[PDB]
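Take a look at this one chain, the form deposited in one PDB entry, written out in structure tokens.
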């Protein structure tokens, strides 16, 4: 627990955290432990090969902690200490709200998957604002060091006007963020995903873009859309088209999935909610691929979904991701996995004659 070995956390400690605590308390302990920085300071040095400049920022390694782990920005600094190259803080809603009734998270250890239906449990804009404000200049220094911060916006359950909620996020948190995320891909909030529709998405993102533009230069973040893995091809076409039109700065590719692949062994496979972890991977990768192609490599993509190795990582990059985020992999292999991905990602780049992550982005669309 002090040295930071993968093979220990994998077989012993992590199956015991699981064996002892329900998935929610485990997450909360993890957030506590991480904000306190109890974790090992990662053995692995980041080589220059992993550096990516994208979105008006240098990223020291391309492996991000995904939205959901740190819903309320309590653990940003420990996440960096864990070795992520960039941190994203979990969907924040304008007003605080509590989320769906427990139980709302489940492990499918046999599938290395998770299903969650939290439905945007948030401390809300005020609280997260003060939290981020209180390290604002630390963050400024971090970004310049190649550790950018992303903020991921969602909408209140009751909210009558979707576009106005996100507007509030841009206004309140936009100034504290290197990039902002319009999350319209959560499975768990009645009607949210239908904001992925062309007309409804253009009107929403016009307003987001507009607000963003009204922020001062130094506090003017990049704006991306996080989309679902369950989109029809018409949907993807459209998202793609609107994106190019309004000049959106990027996409985060794939929230969790409401599909349930043939093969899930998990006793809890038929729980309502978003499916994450391994069963999402290739689905997720394929969506990076369609989106990269549709936007013609001119729209940066953050790949997320089932990443738990260098290969997993490098696959999405070759697919066209500029950056990847993982989350679930953390509930199975623990902190070490960040080290792993980075180091396996590194090896593979060399093995396949790449100079660095930058050369390998979209690599598949040129081979």
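Residue numbers count along the first chain shown, from 1.
What comes next is about the form solved in complex with a small molecule, which is not displayed.
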property	result
Options 235 to 243, 157 to 165, 105 to 113, 288 to 296; stretch whose heavy atom lies within 4.5 Å of the small molecule in the deposited complex	105 to 113
Partner-contacting position among 82, 76, 147, 205 - heavy atom within 4.5 Å of the small molecule in the deposited complex	82
The small molecule contact at residue 50 in the deposited complex, heavy atom, 4.5 Å	no
is_contact(residue 358, the small molecule) in the deposited complex, heavy atom dist at most 4.5 Å	no
4.5 angstroms heavy atom contact with the small molecule in the deposited complex for residue 320	no
Interface membership of residue 27, the small molecule in the deposited complex, 4.5 Å heavy atom rule	yes
